[PDB]
Every structure is written in C-alpha cells, then in structure tokens.
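A single chain, nothing else alongside it, follows as structure tokens in the form deposited in one PDB entry.
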C-alpha cells in the first residue's frame, strides 16, 4: 500500500470519513489536528485545514513533508458557476487558478506571478481512476476548471466576472493552493468538490442548508478511490 493524505477545509468535509473509519489516532501539529487511520493496506492522514489559501497551503505542506504523504486527495464543497451543475453534483478539477492573485498593474494577466503558471494541473492518472470509479458505481462525475480565492462568492457580477476570465465551472477557497503545493513537492493531486450552492444572491443560505449532505457525497467518493488505489 501507500501513504495517502485526505484534506478538506472544514470539519463537515472530513468528519464523515472519521465516522466511517471509526478507529484513528490524533496528533496536534501546526495549530491543527491531524488524524491517522489504516484502510485496506493504506496508511491515511486526514485533516481539515481551516478556511482559505494560506491554511490549506500549510496543511498540504505538513501532510507531505512531515507526515510523508505520497498522494493527496482533496474533498469538500464548492460554489457552482456552470449552469448545468446542480446542488450535490460532483466536479473534479482538471486545472485551477487563483482569481485574486493580481499584479495586473504591471501588465500581466490576472492570476499570474513570475515563476508560475496561471493554471495548475491535477494528476492525470488519479483523474482517470476517478472516471473508472464513477462508471463502476453509476455516479455522475463532471470534469472542469475551478477558480480559487479567499472570498466567499455570493454576488452575480463577481460570479460572472470570474467565470468569464477563467472559464471556471465552480469557485472555492482552497483548490489551486493545494494543487500548487502538491505539484511543487512532486505528489499526485486530485481535487473533488460537491456543489453546496450557486455562488449568487443568498449563496450563504444555500451553503448552510446543503454543506453537510454535499460534503458526504464528496467524502464517500474519495474513500472509494482509496479502495482502488
């Protein structure tokens, strides 16, 4: 088997996995809790990072560098941009950008800084494994572009703008950051999100209503990938 990191942002995104696993140990590190469990020949390390790009960047780095994760699967929820996405639908990111990284005053495109690309890619083999698991268990799974930034998006103008600029199918606050860390540290990354809202007016209310259930959909799916890994 192998060491696998499973990461969400919030307790709701990781608690369903801890309940399924039953037996696990906990370790305080980096002002957070990291959870350790065996599963089908694999050694799992799980955590919720707390919200946003910095927190998620630190959790990814800790899980790989201190705890030796060889693969990282991200599971959580997201705001839908693509009108064909409904609440509860699963989307995996083929590539991701930071919509709020902005040095456009120097004539560079939005999302770009020197040394880096605008879009960071996820691992192709993990994405194909996800497609087989989706086919095998008759689950609907969509591929797409996720736009990451440190704002909860609940505004039609902002939604439209980010979608237009990056051709994004959903938005969230941890994806591109986690993907960047994994790529830099040479670890295969997979980013999965279940929609909790549509990122327009009253998205905050839809988020509160659907987060728990959508988080379970995503959570279940990444554990099914661990079976096939």
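Numbering follows the first chain given and starts at 1. Only residues modelled in both forms are compared. Rigid core: the largest C-alpha set superposing within 1.5 Å between the two forms.
A second form of this protein, the form deposited in another entry, is not displayed here; the remarks below concern that form.
Comparing the two forms between this form and the one not shown on the rigid core, the single residue of 63, 199, 176, 189 with a CA shift of 2 Å or greater is 199.
Compared with the form shown here, the Cα atoms of residue 201 and residue 90 sit 3 Å or more closer together in that other deposited form. A decrease of at least 3 Å in the separation of the C-alpha atoms of residue 201 and residue 89 is found in that other deposited form, compared with the displayed form.
Core aligned; the single run of 3 or more residues with all CA shifts at 2 Å or more between this form and the one not shown is 199-220.
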